[PDB]
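Q: sharing an experimental structure here, sequence included.
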Amino acid sequence: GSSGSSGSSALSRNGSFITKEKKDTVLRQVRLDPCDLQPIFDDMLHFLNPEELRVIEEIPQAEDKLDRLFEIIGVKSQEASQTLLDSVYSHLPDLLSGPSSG
């Protein structure tokens, strides 16, 4: 690791932009009341690459597919990560009961 967490360091412990923990919180909302997960991929399809889609194409399930989308973007960067975590809420507002302002 690194001795001096404060300035700029990649991966604090088990990730940075996106972790497996957050990936579960997302599916947890769909596992209860499913509906659709296309708009989430249709928007990420651009940020992702043709070769990357192959890794996700292997997954037939929809729920599991979302888990892969986070694994790729989670390592890509923050510019795409913020879009993914936000897209899930921006595309599926029903999942939340009011983003609230403060």
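A: Sure, I can see it. Numbers count the residues shown, from 1 in each chain.

Q: now do the same for residue 12: helix, strand or coil?
A: coil (DSSP: H, G, I helix; E, B strand; the rest coil).

Q: same question for residue 60.
A: Residue 60 ends up coil, using three-state DSSP.

Q: didn't residue 96 look like it was pressed against residue 89?
A: Yes - here residue 96 lies in contact with residue 89, judged by CB atoms under 8 Å, at a distance of 5.8 Å. C-beta: built from backbone N, CA, C; applies to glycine.

Q: those two: who's more crowded?
A: residue 89 (14 against 11; other CB atoms under 10 Å).

Q: and residue 33, how many neighbours?
A: 8.

Q: now it, nearest residue through space, not along the chain?
A: Excluding the flanking residues, the one nearest residue 33 by CB to CB, 6 or more residues apart in numbering is residue 94, at 7.5 Å.

Q: residue 36 is in contact with the one you found, correct?
A: No - look at residue 94 against residue 36 with CB under 8 Å: they stay out of range, at 10.3 Å.
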